[PDB]
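Below you will find one chain, with nothing else, as structure tokens; this is the form deposited in one PDB entry, and questions on how it binds or moves follow later.
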């Protein structure tokens, strides 16, 4: 049993080196896309307020 039970544990642990390399790669990339939206949400929240202050004057002068 043992020699077989460690041989399939070390075979399984061999596979995990690249499983974890993948999982990390994946998350790195999702830490990126979600970093972008957090920046592009401030680009759509400030430029949307700034033109709100503009129409506020255009309709005021009418």
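Take the two forms, superpose them, and find the largest set of C-alpha atoms that agree within 1.5 Å; that set is the rigid core. Numbering follows the first chain given and starts at 1.
Averaged over their C-alpha atoms, the temperature factors of 46 to 54 and 15 to 23 are higher for 46 to 54. Between 35 to 43 and 6 to 14, the higher mean Cα B-factor belongs to 35 to 43.
Note that the form deposited in another entry isn't included here; everything after this is about it.
Fitting the two forms on the rigid core leaves the C-alpha of residue 10 displaced by under 2 angstroms between the shown form and the other one.
If you fit the rigid core between the shown form and the other one, you'll see the Cα of residue 40 move by 2 angstroms or more.
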